[PDB]
Amino acid sequence: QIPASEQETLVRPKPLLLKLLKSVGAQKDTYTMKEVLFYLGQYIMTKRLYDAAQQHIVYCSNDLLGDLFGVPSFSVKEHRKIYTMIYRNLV
Ligand SMILES: COc1ccc(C2=N[C@@H](c3ccc(Cl)cc3)[C@@H](c3ccc(Cl)cc3)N2C(=O)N2CCNC(=O)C2)c(OC(C)C)c1
């Protein structure tokens, strides 16, 4: 859904997103978008923001992730919409 060139572009998270990434072991100030998604995925799995019965929805209410994305839940199927929510959180 997302072109490879766009996934491989270097970006600079704002500090709140950076906090999130660091919490699951990220160590740098800049990442490709593909790396940002890897660490966000790790964060969702670590904090169990998944739902066993309807796995395609992430539940992020009362979590830093929901404050950054501006939503209490989102569909994992919507890659462009997820990219947009992440771009809001970059310098
Ligand atoms: C039918 O149910 C599905 C279908 C697809 C996905 C999914 N899809 C993957 C994905 C989704 C969006 C993008 Cl832009 C890239 C990769 C990845 C993922 C990565 C980052 C985020 Cl923010 C959310 C999910 N993701 C996953 O499958 N993940 C999350 C990361 N680590 C995992 O072990 C599994 C899914 O994830 C939930 C279990 C959270 C459930």
# chains A, B, ... in the order shown; residues from 1 in each chain; ligands from 1

$ residues_near_ligand --ligand "ligand 1" --cutoff "10 Å" --atoms "only C-alpha atoms and all ligand atoms" --output "ChimeraX atom specification"
/A:1-2,7,33-46,48-59,65,69,74-86

$ select_by_dssp --residues "chain A" --states "helix (DSSP H, G or I)" --output "PyMOL selection string"
chain A and resi 4-7+15-23+33-46+64-69+79-87

$ write_last_selection --atoms "N, CA and C atoms" --output "short mmCIF file (atom, residue, chain, number, x, y, z; two decimals), in the first residue's frame"
data_model
loop_
_atom_site.label_atom_id
_atom_site.label_comp_id
_atom_site.auth_asym_id
_atom_site.auth_seq_id
_atom_site.Cartn_x
_atom_site.Cartn_y
_atom_site.Cartn_z
N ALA A 4 7.90 1.66 -1.67
CA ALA A 4 9.16 1.35 -1.00
C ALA A 4 10.01 2.58 -0.76
N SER A 5 10.06 3.50 -1.73
CA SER A 5 10.90 4.70 -1.57
C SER A 5 10.45 5.55 -0.36
N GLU A 6 9.15 5.61 -0.12
CA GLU A 6 8.58 6.39 0.96
C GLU A 6 8.90 5.71 2.31
N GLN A 7 8.86 4.37 2.32
CA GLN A 7 9.18 3.61 3.54
C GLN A 7 10.64 3.80 3.93
N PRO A 15 9.79 14.70 19.98
CA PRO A 15 10.20 13.99 21.21
C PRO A 15 9.19 13.02 21.81
N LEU A 16 7.87 13.29 21.69
CA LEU A 16 6.91 12.34 22.28
C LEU A 16 6.89 11.00 21.53
N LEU A 17 6.92 11.04 20.20
CA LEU A 17 7.02 9.79 19.46
C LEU A 17 8.37 9.14 19.76
N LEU A 18 9.42 9.95 19.87
CA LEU A 18 10.75 9.39 20.14
C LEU A 18 10.74 8.62 21.48
N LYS A 19 10.11 9.20 22.50
CA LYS A 19 9.90 8.54 23.81
C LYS A 19 9.31 7.12 23.66
N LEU A 20 8.25 7.04 22.87
CA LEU A 20 7.60 5.78 22.58
C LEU A 20 8.58 4.77 21.95
N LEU A 21 9.30 5.19 20.93
CA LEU A 21 10.25 4.29 20.27
C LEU A 21 11.36 3.84 21.22
N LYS A 22 11.90 4.78 22.01
CA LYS A 22 12.97 4.47 22.97
C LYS A 22 12.50 3.47 24.01
N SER A 23 11.21 3.52 24.36
CA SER A 23 10.66 2.63 25.38
C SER A 23 10.72 1.14 24.96
N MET A 33 10.95 5.49 7.81
CA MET A 33 9.55 5.23 8.18
C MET A 33 9.34 3.73 8.48
N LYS A 34 9.99 2.85 7.69
CA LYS A 34 9.88 1.43 7.93
C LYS A 34 10.33 1.06 9.36
N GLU A 35 11.44 1.66 9.82
CA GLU A 35 11.91 1.45 11.21
C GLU A 35 10.92 1.99 12.23
N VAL A 36 10.34 3.17 11.97
CA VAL A 36 9.31 3.72 12.89
C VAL A 36 8.16 2.73 13.04
N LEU A 37 7.70 2.16 11.92
CA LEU A 37 6.62 1.17 11.98
C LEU A 37 7.02 -0.09 12.73
N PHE A 38 8.27 -0.53 12.55
CA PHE A 38 8.74 -1.71 13.29
C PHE A 38 8.65 -1.46 14.79
N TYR A 39 9.18 -0.33 15.24
CA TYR A 39 9.15 -0.06 16.69
C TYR A 39 7.75 0.22 17.23
N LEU A 40 6.90 0.90 16.45
CA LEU A 40 5.50 1.09 16.89
C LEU A 40 4.84 -0.26 17.00
N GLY A 41 5.09 -1.17 16.06
CA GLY A 41 4.52 -2.52 16.15
C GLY A 41 4.99 -3.23 17.40
N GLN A 42 6.28 -3.09 17.74
CA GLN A 42 6.82 -3.69 18.96
C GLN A 42 6.15 -3.11 20.20
N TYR A 43 5.91 -1.81 20.19
CA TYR A 43 5.23 -1.14 21.30
C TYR A 43 3.80 -1.67 21.49
N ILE A 44 3.06 -1.77 20.39
CA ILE A 44 1.70 -2.34 20.44
C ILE A 44 1.68 -3.77 20.98
N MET A 45 2.64 -4.58 20.57
CA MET A 45 2.69 -5.96 21.07
C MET A 45 3.08 -6.05 22.55
N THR A 46 4.06 -5.24 22.96
CA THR A 46 4.57 -5.20 24.34
C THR A 46 3.48 -4.74 25.30
N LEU A 64 -0.18 6.79 25.62
CA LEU A 64 0.55 7.82 24.84
C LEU A 64 0.27 7.68 23.35
N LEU A 65 0.19 6.44 22.87
CA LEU A 65 -0.03 6.23 21.42
C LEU A 65 -1.34 6.87 20.96
N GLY A 66 -2.41 6.68 21.74
CA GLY A 66 -3.69 7.35 21.40
C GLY A 66 -3.64 8.87 21.46
N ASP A 67 -2.88 9.43 22.40
CA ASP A 67 -2.73 10.90 22.44
C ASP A 67 -2.00 11.40 21.18
N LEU A 68 -0.98 10.66 20.75
CA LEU A 68 -0.20 11.06 19.55
C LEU A 68 -0.98 10.90 18.23
N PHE A 69 -1.73 9.79 18.11
CA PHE A 69 -2.53 9.53 16.93
C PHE A 69 -3.87 10.28 16.94
N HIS A 79 -3.08 1.53 5.73
CA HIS A 79 -1.64 1.91 5.89
C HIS A 79 -1.41 3.37 5.62
N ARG A 80 -2.06 3.92 4.60
CA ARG A 80 -1.91 5.37 4.31
C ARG A 80 -2.40 6.21 5.49
N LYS A 81 -3.54 5.86 6.09
CA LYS A 81 -4.02 6.64 7.26
C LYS A 81 -3.04 6.54 8.45
N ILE A 82 -2.44 5.37 8.66
CA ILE A 82 -1.41 5.21 9.72
C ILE A 82 -0.17 6.08 9.40
N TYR A 83 0.31 6.04 8.15
CA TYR A 83 1.40 6.94 7.74
C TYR A 83 1.06 8.40 8.04
N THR A 84 -0.15 8.84 7.70
CA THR A 84 -0.56 10.23 7.98
C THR A 84 -0.48 10.55 9.48
N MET A 85 -0.98 9.65 10.32
CA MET A 85 -0.92 9.86 11.78
C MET A 85 0.53 9.94 12.26
N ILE A 86 1.41 9.12 11.69
CA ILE A 86 2.83 9.20 12.03
C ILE A 86 3.44 10.51 11.53
N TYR A 87 3.14 10.93 10.30
CA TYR A 87 3.73 12.21 9.78
C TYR A 87 3.40 13.38 10.70
#

$ residues_around --residues "residue 10 (chain A)" --least-positions-apart "2" --cutoff "7 Å" --atoms "only C-alpha atoms" --output "list in words"
residues 8, 30, 31, 32 and 33 of chain A

$ write_last_selection --atoms "N, CA, C and O atoms" --output "PDB file, in the first residue's frame"
ATOM      1  N   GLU A   8      11.492   4.031   2.931  1.00  0.00           N
ATOM      2  CA  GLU A   8      12.928   4.088   3.201  1.00  0.00           C
ATOM      3  C   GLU A   8      13.459   5.501   3.395  1.00  0.00           C
ATOM      4  O   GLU A   8      14.658   5.707   3.502  1.00  0.00           O
ATOM      5  N   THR A  30      16.999   9.603  14.501  1.00  0.00           N
ATOM      6  CA  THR A  30      16.402   9.564  13.154  1.00  0.00           C
ATOM      7  C   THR A  30      16.236   8.123  12.720  1.00  0.00           C
ATOM      8  O   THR A  30      17.034   7.282  13.108  1.00  0.00           O
ATOM      9  N   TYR A  31      15.190   7.852  11.932  1.00  0.00           N
ATOM     10  CA  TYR A  31      14.836   6.492  11.521  1.00  0.00           C
ATOM     11  C   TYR A  31      14.231   6.544  10.132  1.00  0.00           C
ATOM     12  O   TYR A  31      13.651   7.566   9.752  1.00  0.00           O
ATOM     13  N   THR A  32      14.256   5.443   9.393  1.00  0.00           N
ATOM     14  CA  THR A  32      13.365   5.403   8.207  1.00  0.00           C
ATOM     15  C   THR A  32      11.918   5.185   8.674  1.00  0.00           C
ATOM     16  O   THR A  32      11.667   4.710   9.809  1.00  0.00           O
ATOM     17  N   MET A  33      10.951   5.494   7.810  1.00  0.00           N
ATOM     18  CA  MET A  33       9.553   5.231   8.178  1.00  0.00           C
ATOM     19  C   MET A  33       9.340   3.731   8.481  1.00  0.00           C
ATOM     20  O   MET A  33       8.607   3.367   9.421  1.00  0.00           O
TER      21      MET A  33
END

$ select_by_dssp --residues "region 6-80 of chain A" --states "strand (DSSP E)" --output "list in words"
residues 10, 11, 31, 32, 57, 58, 59, 73, 74 and 75 of chain A

$ atom_distance --atom1 "CA of residue 72 (chain A)" --atom2 "CA of residue 89 (chain A)"
16.4 Å

$ atom_distance --atom1 "CA of residue 14 (chain A)" --atom2 "CA of residue 26 (chain A)"
14.1 Å

$ atom_distance --atom1 "CA of residue 71 (chain A)" --atom2 "CA of residue 47 (chain A)"
16.7 Å
